Amino acid sequence: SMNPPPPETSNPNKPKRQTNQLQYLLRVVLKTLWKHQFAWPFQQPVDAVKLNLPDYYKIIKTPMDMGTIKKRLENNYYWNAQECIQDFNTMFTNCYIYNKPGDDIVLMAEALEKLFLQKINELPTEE
Ligand SMILES: CO[C@H]1CNC[C@@H](OCC2CCC(F)(F)CC2)[C@@H]1Nc1ncc(-c2cncc(C)c2)c2cc(C)c(=O)[nH]c12
């Protein structure tokens, strides 16, 4: 079984805007999480082929990762901050769905998520 194509990251048939919340999600939230010591497994789609996890995309039908989030922010793919926040949440929930609760990767994800939520609770007000 091969990997599915990545999530869509660019669409010209979608309206474009820059907002201070979206800027903050890229420049502060994504940047912070990306540099975190546990970020590495979440920086690109799960390569189920390379990792030998043939069951991954049988279980995870809404894949998401921070590489995809980065491209989406870069390409002005999101109109609303909540679209991006949803993608971060999808990434975390996917990890919790797929892996056993005691797995190293789950505990790593939990630490990343704690950080994520700290940065999200400080989301600047709509300018
Ligand atoms: C069936 O195994 C999965 C569930 N248990 C936890 C992880 O198990 C340890 C790996 C070790 C390496 C292996 F090849 F032998 C396969 C078992 C497994 N889940 C996951 N394993 C690896 C990754 C990962 C992806 N990219 C880079 C790295 C360094 C690791 C991931 C990543 C995510 C997001 C995930 O949900 N599960 C993973």
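For the numbers below, each heavy atom of this structure counts, side chains included, while hydrogens, waters and symmetry mates do not. Residue indices begin at 1 and follow the sequence shown. Order of appearance sets the numbers: ligands from 1, and atoms from 1 within every ligand.
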- [ ] For atom 5 (N) of ligand 1, grab the closest protein heavy atom and report residue, atom and distance to one decimal in Å.
- [x] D103 OD2, 2.8 Å

TODO: Answer yes or no for atom 15 (F) of ligand 1: protein heavy atom present at a distance under 4.0 Å?
DONE: no

Task: Closest approach of any protein heavy atom to atom 30 (C) of ligand 1, naming residue and atom - done: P41 CB, 3.8 Å

Task: Minimum-distance pair of heavy atoms, taken over all atoms of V106 and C95 - done: CG2-O, 3.9 Å

Task: Student check: side-chain heavy atoms of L33 and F88 closer than 4.5 Å - done: yes

Open item on the list: Can you check atom 9 (C) of ligand 1: any protein non-hydrogen atom closer than 4.0 Å?
Closed with: no

Task: Inter- and intrachain pairs under salt bridge (charged side-chain N to carboxylate O under 4.0 Å, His left out), touching residues 50-70, at least two apart - done: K70-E74

Open item on the list: My understanding is that a hydrophobic cluster links ILVMFWY residues whose side chain heavy atoms are under 4.5 Å apart, including indirect links. Using that, what else belongs to the cluster containing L53?
Closed with: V46, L51, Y56, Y57, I59, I60, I97, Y98

Task: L53 contact mode with ligand 1 (heavy-atom cut-off under 4.0 Å) - done: side chain

Task: Contacting atoms of ligand 1, where contact means under 4.0 angstrom from a heavy atom of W40 - done: 29 (C)

TODO: Kindly indicate whether atom 12 (C) of ligand 1 is approached by any protein heavy atom to under 4.0 angstrom.
DONE: no

- [ ] Could you tell me the residue and atom name of the protein heavy atom closest to atom 18 (C) of ligand 1, and the distance to it rounded to 0.1 Å?
- [x] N99 OD1, 3.8 Å

Open item on the list: Heavy-atom contact check, 4.0 Å cutoff: does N52 meet ligand 1?
Closed with: no

Open item on the list: Under 4.0 Å from atom 24 (C) of ligand 1, can you find at least one protein heavy atom?
Closed with: yes

- [ ] Indicate the ring-plane relationship of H36 and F38, choosing parallel, tilted or perpendicular according to the 30° and 60° boundaries.
- [x] tilted

Open item on the list: Quick check with a 6.0 Å cut-off and a 45 degree axis cone: is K71 positioned over the face of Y77's six-membered ring?
Closed with: no

Task: Flag for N11-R72: side-chain donor and acceptor within less than 3.5 Å - done: no

Open item on the list: Any side-chain to backbone donor/acceptor pair from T32 onto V29? Under 3.5 Å, distance only.
Closed with: no

Open item on the list: As an exercise, identify every atom of ligand 1 less than 4.0 angstrom from a heavy atom of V46.
Closed with: 33 (C), 34 (C)

- [ ] Classify the contact between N94 and ligand 1 as side chain, backbone, both or neither, using a heavy-atom distance cut-off of under 4.0 Å.
- [x] neither

